[PDB]
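Asker: Starting off with a structure, shown below.
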Amino acid sequence: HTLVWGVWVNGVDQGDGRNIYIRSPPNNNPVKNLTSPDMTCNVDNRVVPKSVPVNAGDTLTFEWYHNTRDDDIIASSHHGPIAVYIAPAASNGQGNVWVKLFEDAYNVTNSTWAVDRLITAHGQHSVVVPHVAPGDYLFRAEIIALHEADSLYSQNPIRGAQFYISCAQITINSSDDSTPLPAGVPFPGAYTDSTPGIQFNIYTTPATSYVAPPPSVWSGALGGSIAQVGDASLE
Ligand SMILES: *[C@@H]1O[C@H](CO)[C@@H](O)[C@H](O)[C@H]1NC(C)=O
Ligand SMILES: [Cl-]
Ligand SMILES: [Cl-]
Ligand SMILES: [Cl-]
Ligand SMILES: [Cl-]
Ligand SMILES: [Cl-]
Ligand SMILES: [Cl-]
Ligand SMILES: [Cl-]
Ligand SMILES: [Cl-]
Ligand SMILES: [Cl-]
Ligand SMILES: [Cl-]
Ligand SMILES: [Cl-]
Ligand SMILES: [Cl-]
Ligand SMILES: [Cl-]
Ligand SMILES: [Cl-]
Ligand SMILES: [Cl-]
Ligand SMILES: [Cu+2]
């Protein structure tokens, strides 16, 4: 159970974005139904009044929280991967539009999942803004908590992989469009019951065996890391 507070750009906090430049849901409940429109941008997908200005090559940091800013972030039980996707705003996230900019699942050296590291990072993870066409975009940050992913929601609706999905409205101003955005996958649609990484038993299967759900990360990506870029508590 986690939500996005806002973003940072190049290490500078852009301010509370909830319902402003984040298409925030009303609470931190997961989405579980892989076929639902809620997979696109969560349960209150509508245009919000602001878009954060960035340029190609900027670092865009999402900052998550649980109940209050810079708290425990997400329950430690919620081991799983993190991804970030991009789509043009004109799509409203519909159709085959989402292109993967970042994936992190399990770090063997550290023996930690992405979520574990997100907690350590005070909720912060980043991507580098790609050289796509200037214009309005949606950046879709997605945390998959696997603690009940031994079951499939479609079979047992009280269990399943839990998706914490947040869409930020981002305007890319300066970019040479030298890596134009390639085809994307749909959400809902890309993840199905048989997709690798959706059904997994984190209690019996070694974490080193985990394969996150495709698509692969786009070659045009620059991204990205799970790491604290700024100290929220100084504000
Ligand atoms: C899952 O989402 C689909 C598509 O919106 C819907 O038809 C179905 O009823 C949902 N399942 C549940 C259990 O709500
Ligand atoms: Cl839970
Ligand atoms: Cl609710
Ligand atoms: Cl739940
Ligand atoms: Cl759901
Ligand atoms: Cl704006
Ligand atoms: Cl808060
Ligand atoms: Cl916990
Ligand atoms: Cl960190
Ligand atoms: Cl550029
Ligand atoms: Cl679907
Ligand atoms: Cl498994
Ligand atoms: Cl993986
Ligand atoms: Cl590619
Ligand atoms: Cl980064
Ligand atoms: Cl700082
Ligand atoms: Cu939760």
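Labels used: A, B, ... for chains in the order of the structure tokens, numbers from 1 for residues in each chain, and numbers from 1 for ligands as shown.
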Please provide the set of residues having any atom within 12 Å of residue 194 of chain A, restricted to only C-alpha atoms, with same-chain residues fewer than 2 positions apart removed, written as a list in words.
Answerer: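 Close residues of residue 194 of chain A: residues 34, 151, 152, 154, 189, 190, 191, 192, 196, 197, 198, 199, 200, 213 and 214 of chain A.
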Asker: Using DSSP on the backbone, list every residue of segment 26-229 of chain A that comes out as strand (DSSP E), and give them as a count of residues only.
Answerer: 56
Asker: Just want the residues within 10 Å of ligand 17, written as a ChimeraX atom specification, counting only C-alpha atoms and all ligand atoms.
Answerer: /A:1-2,28-30,66,74-78,145,147,162-164
Asker: How many Å lie between atom CA of residue 176 of chain A and atom 1 (Cl, counted along the ligand's line) of ligand 15, rounded to one decimal?
Answerer: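 Rounded to one decimal, the two atoms are 20.2 Å apart.
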Asker: Once you count only C-alpha atoms and all ligand atoms, which residues end up within 10 Å of ligand 5, and could you hand them over as a PyMOL selection string?
Answerer: chain A and resi 29-39+42-43+153+157+160+162-163
